[PDB]
*Asks:* 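Pasting a structure here, questions to come.
A note on names: the letters A, B, ... follow the listed sequences, proteins ahead of strands, and every chain is numbered from 1. Values below: all heavy atoms of this structure, side chains included; hydrogens, waters and symmetry mates excluded.
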Amino acid sequence: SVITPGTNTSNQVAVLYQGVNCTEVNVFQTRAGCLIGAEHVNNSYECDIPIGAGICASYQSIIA
Amino acid sequence: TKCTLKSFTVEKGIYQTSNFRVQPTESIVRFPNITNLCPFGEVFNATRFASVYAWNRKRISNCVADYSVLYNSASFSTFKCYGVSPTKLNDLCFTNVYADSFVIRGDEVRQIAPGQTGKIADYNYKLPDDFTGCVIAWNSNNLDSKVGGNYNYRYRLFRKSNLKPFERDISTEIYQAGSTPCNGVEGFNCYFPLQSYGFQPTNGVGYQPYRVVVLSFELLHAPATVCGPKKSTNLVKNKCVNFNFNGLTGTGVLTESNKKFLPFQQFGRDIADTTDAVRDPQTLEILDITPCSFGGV
Amino acid sequence: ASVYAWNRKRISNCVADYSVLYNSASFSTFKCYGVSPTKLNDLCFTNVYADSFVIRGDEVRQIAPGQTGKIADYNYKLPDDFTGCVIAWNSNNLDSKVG
Amino acid sequence: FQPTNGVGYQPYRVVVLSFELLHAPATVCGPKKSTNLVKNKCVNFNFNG
Amino acid sequence: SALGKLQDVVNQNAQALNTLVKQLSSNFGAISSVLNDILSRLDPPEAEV
Amino acid sequence: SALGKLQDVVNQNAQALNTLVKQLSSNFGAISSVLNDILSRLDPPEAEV
Amino acid sequence: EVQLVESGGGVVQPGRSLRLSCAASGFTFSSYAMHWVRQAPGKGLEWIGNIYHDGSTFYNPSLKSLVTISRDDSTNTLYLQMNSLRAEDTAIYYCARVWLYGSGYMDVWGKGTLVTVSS
Amino acid sequence: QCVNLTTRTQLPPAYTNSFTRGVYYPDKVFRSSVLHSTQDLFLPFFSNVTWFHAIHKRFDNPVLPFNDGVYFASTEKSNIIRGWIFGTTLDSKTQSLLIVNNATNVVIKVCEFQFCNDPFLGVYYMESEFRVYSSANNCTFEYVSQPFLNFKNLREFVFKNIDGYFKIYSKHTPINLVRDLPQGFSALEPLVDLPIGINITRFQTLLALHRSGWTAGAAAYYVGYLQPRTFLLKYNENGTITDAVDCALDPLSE
Ligand SMILES: *[C@@H]1O[C@H](CO)[C@@H](O[C@@H]2O[C@H](CO)[C@@H](O)[C@H](O)[C@H]2NC(C)=O)[C@H](O)[C@H]1NC(C)=O
Ligand SMILES: *[C@@H]1O[C@H](CO)[C@@H](O)[C@H](O)[C@H]1NC(C)=O
Ligand SMILES: *[C@@H]1O[C@H](CO)[C@@H](O)[C@H](O)[C@H]1NC(C)=O
Ligand SMILES: *[C@@H]1O[C@H](CO)[C@@H](O)[C@H](O)[C@H]1NC(C)=O
Ligand SMILES: *[C@@H]1O[C@H](CO)[C@@H](O)[C@H](O)[C@H]1NC(C)=O
Ligand SMILES: *[C@@H]1O[C@H](CO)[C@@H](O)[C@H](O)[C@H]1NC(C)=O
Ligand SMILES: *[C@@H]1O[C@H](CO)[C@@H](O)[C@H](O)[C@H]1NC(C)=O
Ligand SMILES: *[C@@H]1O[C@H](CO)[C@@H](O)[C@H](O)[C@H]1NC(C)=O
């Protein structure tokens, strides 16, 4: 799955490999799968792009 | 409405009954004004044919092919066409016609078909699964057999792997036997790939020489160069007609267009892949094709 | 055995190593008419009939589909749709006698 | 058959193998070249058919 | 994106129509996806198939 | 049987997934339910069918 | 018994012709097809030509017009005429025999003849 | 007649970026205001394209593979590049393809040429020197056509060999960039379809010497290789491909 903002805004993307561990493929391990290209932050915001298992992505670079 | 609802009493309302469609008034056939005949006499009636391992391929293009002199000839024992009917061969315009000529024995004629197995199919001449064309084969015992034995036709008995479709192997290479290399006489003696046919006139049917010509076509991609004997009709504007442009059949109204076609470009296709515009042969003009009026009654 | 009373051995319920037979150099003829020698090690068959006999060197070709000869007509005949392989080898050192 | 005869009159031993492909089960099969076993990797396995 | 619910319904209907139109381009294992080509190329016994 | 409404949804989803998996073991009139057996036992014109 | 012997090898100038002979003894020359094969030092075997009882001669597509195969059945012999010799034709030549009513097994082989070309 | 060129200067060939070049029309069908997805032998976007120079002393005529297809770019002024050689062994053993563009016309011949080690044309300071092959014995296809042709001219060609057909696609672009490939998009129109029916695995660029020894005129060319992939092409209201998307380049374009 490809997580992106609008092409009017930016061309940066993140890749979600669903149900795939990160050792079998900015790399973060979620319960949904391995997310590459998103910087994981400890802050909590509203959900902009849903990833799953409580993880959401937003553009501010792409953060998860 | 009574027939549609299957009742003799119809309640008040609106009912969809059928679909009105205007029928075409006359058929217009547009084909190129090329008049050259195709050299089928140089292919079928040739004095000498090559072996099946080194089969002869002749590209036939830019001519009018009269197929009616092929099917109605009673010389051909086998006339099997895959992907096209032989009766309809006169009505169609093809591109990239290929004539593949060779000589094989009698019981291998069944192997000149898509999807057959054997020595000839695997190592000599392979037809694709999606093959469109015609296999023509006839007995040539009275030309290709000599009383002492004819030894001019040879087949590739063995190859390391199976051939690809329409692949020719003229390469004659010495091959090994197993566990010892072909580094001279020292090892296991080296087998030869090419074996000659034993053609004698006293041989029974199934072993006699049969001449095979395989016609291969391509189904309407680039501008067609090989067309049938059909004559060209005049063009009518703004009327529903059933047209045939170089083998492309259909029904529609032919109108003037404002589409700036590039010189290579011939026709146009919609999302459904149905033709929406066409370039007519002989006059090179671009005619838009609009489907005839239809709708719900 | 002789060719009028050729020995028929039935090969069944076993794994057949055709690689040893094909790679054996004693055989002067390993000629197949319905299959490929290199695909013998991959395919499976219900049973194999092995017909063993001794003939003259000029009559070895007569064991062939469509071949007409004295051995073909009167001693051992093959069908036109024959499948399998014919193996033949010289036996001058063993069978032949000076008398 | 004599040792002084040339090739063509020498005795030749012929064994003819004929295959049957009837509705009976295929008891006769080719040899089974087993390779080494590799674990913990995504491989194409063929175990006894 | 205020009016996304209506635009979503319009997009779903248009996309369903586009897919239904696109499905005519598939031959489904036949020699061609065009009926006129089959009717002009083959005799009725195989054109029927 | 207090929470039967949720258990019914869970059972229906699991049973539908299991049925979809079990449909792979059916040959649907073919000689085998395994594609590799068909590709190894038949030539591509009939293996295609 | 079966025997193939060859002659005509030697050290010759390049462009001069050669006639290699393959005499067969012990078997009837008919019903068999005869081959000419060569192998270069340090290189594998390369097939040159075939001739049958009819007189049909088939050559390698790699080398054209250099050789000419001539069969003779009165005295059971086979001749090769080699013309326009190049420097690369230094090789050991072999005469081979296949049976016409079988697969292309080359059976018994000739002992070989040596052709050395030099300037 | 053949001549060895022994005054070359040793230098490795360069590499640069393809950007979004190498897109050609996949078929002969007109399409307008549509987005069409096609799977064909295309040049990948932003790929590593090999760069060869002709400058004085550089004269780059190496032996290059053909593979599945060749994108040939030319930053050309004063007409040094004259044609191409296609084949497998480039001798009389196999059959080879000759494309030349001399001062009068474009000639395509399929013959068994005995090629020279350094095939070339020549300009005297008029063209009076031609050393490409020493013989031509068996010729099957001949085709004489119109002339196809700071660096001022950009020549893009796509050479493909499918089903015995050699497809040549061409585009001519006026440029004013000094050294590298300009960044932009230009769809290559099909130029010619040749029914050659021969095996091609190796190809050669044909250049022209300048005589007043020899001098090499200022020219540069680029060789890229086609791979089977999917593009999403955009057709405008005039039927011209104005933009393209490589489906396997990056996840955004995917
Ligand atoms: C130009 O150079 C090439 C390569 O050095 C020459 O090709 C070689 O020529 C020698 C001379 O007899 C041959 O022995 C080699 O087999 C050739 N090699 C190849 C790969 O062809 C070529 O002859 C030279 N040109 C001239 C006119 O001498
Ligand atoms: C071959 O010759 C016969 C002799 O009349 C003729 O009838 C036949 O049409 C010829 N075949 C072709 C393809 O021209
Ligand atoms: C015949 O067709 C060609 C194009 O194939 C065209 O150039 C020519 O004008 C046409 N001639 C006639 C008389 O229609
Ligand atoms: C292109 O290839 C060369 C070597 O083949 C390599 O050094 C260079 O980094 C490559 N460039 C890119 C952009 O991949
Ligand atoms: C083309 O030539 C190469 C080497 O010259 C060879 O490996 C390849 O198999 C040939 N392909 C065909 C179709 O002849
Ligand atoms: C161009 O090449 C053709 C074909 O070889 C030839 O006929 C013609 O004379 C050449 N023109 C010049 C100016 O060399
Ligand atoms: C190719 O040319 C050579 C020499 O000119 C000739 O011997 C050969 O027969 C030719 N090939 C064919 C198929 O005519
Ligand atoms: C399309 O062509 C018209 C004139 O035919 C031109 O005015 C218009 O700018 C063209 N479209 C584009 C996108 O360039």
*Asks:* Going by distance alone, is a donor N or O of one side chain under 3.5 Å from an acceptor N or O of the other, for H:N138 and H:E112?
*Replies:* yes
*Asks:* Relative to each other, are the rings of H:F231 and H:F42 parallel, tilted or perpendicular (30° and 60° limits)?
*Replies:* parallel
*Asks:* Determine the minimum heavy-atom distance between B:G296 and B:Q16, stating which atoms define it.
*Replies:*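 What the structure gives for the nearest pair is CA-OE1, 3.4 Å.
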*Asks:* Return yes when atom CD of H:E142 has more than 12 non-hydrogen atoms of other residues, nucleotides or ligands closer than 6.0 Å, and no otherwise.
*Replies:* yes
*Asks:* Is the B:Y155 to B:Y53 ring centre distance short of 6.0 Å?
*Replies:*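 No; B:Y53 has its ring centre 6.0 Å or more from that of B:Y155.
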*Asks:* Any side-chain donor paired with an acceptor under 3.5 Å for H:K160 and H:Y24?
*Replies:* yes
*Asks:* Taking atom types as modelled, find out whether B:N139 and B:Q208 have a side-chain donor-acceptor pair closer than 3.5 angstrom.
*Replies:*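 B:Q208 and B:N139 do have a side-chain donor-acceptor pair below 3.5 Å.
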*Asks:* Validate the cation-pi geometry between B:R211 and B:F76: distance from NZ or CZ to the six-membered ring centre under 6.0 Å, angle to the ring axis within 45°.
*Replies:* no
*Asks:* Centroid separation under 6.0 Å, is that true for the rings of B:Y67 and B:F40?
*Replies:* yes
*Asks:* Can you name the one residue among B:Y210, B:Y125, B:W55 that meets ring-ring contact (aromatic ring centres under 6.0 Å, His included) with B:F102?
*Replies:* B:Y125
*Asks:* With no hydrogens and no angle check, do the side chains of H:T38 and H:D40 hold a donor and an acceptor under 3.5 Å apart?
*Replies:*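 The answer is no; no qualifying pair exists.
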*Asks:* Quick check for you: to the nearest 0.5 Å, what is the distance between B:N62 atom CG and B:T225 atom OG1?
*Replies:*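 If we round to the nearest 0.5 Å, B:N62:CG and B:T225:OG1 are 6.5 Å apart.
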*Asks:* Are the side chain of B:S101 and the backbone N or O of B:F49 linked by a donor-acceptor pair below 3.5 Å?
*Replies:* no
*Asks:* Quick check for you: to the nearest 0.5 Å, what is the distance between B:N152 atom CG and B:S51 atom OG?
*Replies:*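 If we round to the nearest 0.5 Å, B:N152:CG and B:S51:OG are 7.5 Å apart.
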*Asks:* Between B:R269 (side chain) and B:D276 (backbone), is there a donor-acceptor pair under 3.5 Å?
*Replies:*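 No.
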*Asks:* Given side chains that start at C-beta, do those of B:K126 and B:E167 come closer than 4.5 Å, heavy atoms only?
*Replies:* no
*Asks:* Would you say CG of B:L143 has more than 12 non-hydrogen atoms from neighbouring residues, nucleotides or ligands within 6.0 angstrom?
*Replies:* yes
*Asks:* Quick one, B:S73 and B:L70 - any side-chain contact, counting heavy atoms below 4.5 Å?
*Replies:*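 No; the side chains remain at least 4.5 Å from each other.
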*Asks:* Where do H:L191 and H:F148 land on the side-chain contact (heavy atoms from CB on, under 4.5 Å) test, with the steps shown first?
*Replies:* CA-CA 9 Å; H:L191 174 62; H:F148 294 156; 3.6 Å; yes
*Asks:* Ignoring hydrogens and geometry, is there a side-chain-to-backbone donor-acceptor pair from B:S77 to B:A137 under 3.5 Å?
*Replies:*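 Flag set: sc B:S77 to bb B:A137 pair under 3.5 Å.
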*Asks:* More than 12 heavy atoms of other residues, nucleotides or ligands under 6.0 Å from CZ of B:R59: yes or no?
*Replies:* yes
*Asks:* For the atom pair OG1 (H:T104) and CD (H:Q146), what is the distance rounded to the nearest 0.5 Å?
*Replies:*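 Nearest 0.5 Å value for the OG1-CD distance: 11.0 Å.
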*Asks:* Looking at side-chain heavy atoms only, is the closest gap between H:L233 and H:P26 below 4.5 Å?
*Replies:* yes
*Asks:* Would you name the heavy atoms of B:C227 and B:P32 that are closest together and state the gap between them?
*Replies:* SG-CD, 3.8 Å
*Asks:* Can you find a side-chain donor-acceptor pair between B:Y153 and B:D144 that sits under 3.5 Å?
*Replies:*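 Note: B:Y153 and B:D144 side chains meet the donor-acceptor criterion.
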*Asks:* Step through it carefully: locate the ring centre of B:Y71, locate the ring centre of B:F79, and say whether they are under 6.0 Å apart.
*Replies:* yes
*Asks:* Can you spot which of H:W84, H:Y169, H:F72 makes a ring-ring contact (aromatic ring centres under 6.0 Å, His included) with H:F157?
*Replies:* H:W84
*Asks:* Any luck finding a side-chain donor-acceptor pair between H:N238 and H:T240 under 3.5 Å?
*Replies:* no
*Asks:* State, with a plain yes or no, whether a side-chain heavy atom of E:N18 is found less than 4.5 Å away from one of E:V21.
*Replies:* no
*Asks:* Could you point out which residue of H:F66, H:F203, H:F86 forms a ring-ring contact (aromatic ring centres under 6.0 Å, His included) with H:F159?
*Replies:*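 Exactly one candidate clears the test, H:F86.
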*Asks:* Which class fits the ring pair B:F131 and B:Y82: parallel under 30°, tilted 30 to 60°, perpendicular over 60°?
*Replies:*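 If you compare the ring of B:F131 with that of B:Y82, the planes turn out tilted.
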*Asks:* Can you measure from CG (B:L220) to CG (B:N246) and round to the nearest 0.5 angstrom?
*Replies:* 7.5 Å
*Asks:* Would you indicate whether H:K167, at its atom NZ, is surrounded by more than 12 heavy atoms from other residues, nucleotides or ligands within a distance under 6.0 Å?
*Replies:*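 Yes, enclosed.
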*Asks:* Do the rings of B:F199 and B:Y197 sit parallel, tilted or perpendicular, given the 30° and 60° boundaries?
*Replies:* parallel
*Asks:* Any side-chain heavy atom of H:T230 sitting closer than 4.5 Å to one from H:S37?
*Replies:*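 Answer yes - side chains close enough.
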*Asks:* Do E:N36 and E:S40 have side-chain N/O donor and acceptor atoms under 3.5 Å apart?
*Replies:*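 Short answer, no.
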*Asks:* First locate atom CG of B:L248, then atom CD of B:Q266, and finally report the distance between them rounded to the nearest 0.5 Å.
*Replies:* 12.0 Å
*Asks:* Which heavy atom of H:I108 sits nearest to which heavy atom of H:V106, and what is that distance?
*Replies:* CD1-CG1, 3.7 Å
*Asks:* In the structure I gave you, are the side-chain heavy atoms of B:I289 and B:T275 within less than 4.5 Å of one another anywhere?
*Replies:*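 Yes, at least one pair of side-chain atoms sits under 4.5 Å.
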*Asks:* Return yes if some donor-acceptor pair links the side-chain N/O of B:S27 with the main-chain N/O of B:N242 below 3.5 Å, else return no.
*Replies:* yes
*Asks:* Would you tell me whether H:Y71 and H:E156 have side-chain atoms, one donor and one acceptor, within less than 3.5 Å of each other?
*Replies:* yes
*Asks:* Do the side chain of B:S216 and the main chain of B:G133 share a donor and acceptor less than 3.5 angstrom apart?
*Replies:*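 Between the backbone of B:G133 and the side chain of B:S216 there is no qualifying donor-acceptor contact (under 3.5 Å).
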